[PDB]
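Below sits a lone chain in structure tokens, taken as the form deposited in one PDB entry.
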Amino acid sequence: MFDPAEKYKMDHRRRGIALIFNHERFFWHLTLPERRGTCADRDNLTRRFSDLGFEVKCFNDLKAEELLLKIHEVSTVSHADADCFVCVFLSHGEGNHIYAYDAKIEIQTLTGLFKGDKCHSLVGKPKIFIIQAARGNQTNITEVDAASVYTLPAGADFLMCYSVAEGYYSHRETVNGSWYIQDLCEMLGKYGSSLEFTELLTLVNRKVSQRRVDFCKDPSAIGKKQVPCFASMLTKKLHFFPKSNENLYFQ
């Protein structure tokens, strides 16, 4: 019965939830810079994921306790009537940690909450994480952070998506937002509803790698390329085809 073109089942009543944890400022005693532009990212993401049928829930500058609570909440709610789950971090990070407002959180513990064992409603459905996180270096300027967050995998049917890989650099325009998120969102706009999601993420890798970094306003920001990646542990093709909502309840 084995099928090389098998797709994830994306015919549930609702598409599912897209969390967006958005971090602009941090507690003084962490000594991390403002991520001026992260709001463009949040809004651009919010729009593109909405037009794909996600209930988008944004959360600005949560402390560790608040963040762990809101994400544990979402893991224990039923996704039984949902196609998939998306979770997005716009912050600083280091190694296997993302930064909340007040301290770092182990990424494995956030993905761990949606592992088949602990969230039955999502077993066999895609769990996509998107992570725009790097090291805080210290009108519209382009700021550049060094890659810092390990490009971890997660578990069966997870897709981990990363702004930048080891040895490369992450770019954020202070008005237009992160290079990764701009190009992710451009591709979501044009191709989200037709293309297989990893096919799309590959276009994002081209779009971002192709961005030139030879003629730069800061002389020290020259020759710092951005190459994003993704770690697929998906088992099927993933498409976000428009859902039929013609005389149906999808709330």
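Residue numbers run from 1 along the displayed sequence.
There is another form of this protein, the form solved in complex with a partner chain, and it is not shown here; the text below is about that form.
Within 4.5 Å of some heavy atom of the partner chain in the entry with it bound lies at least one heavy atom of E65. Heavy atoms of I128 never reach within 4.5 Å of the partner chain in the entry with it bound, leaving it off the interface. Contact annotation for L113: at least one heavy atom lies within 4.5 Å of the partner chain in the entry with it bound.
Residue contact check for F59: none of its heavy atoms lie within 4.5 Å of the partner chain in the entry with it bound. Of the residues given (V77, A103, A146, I141), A103 alone sits with a heavy atom within 4.5 Å of the partner chain in the entry with it bound.
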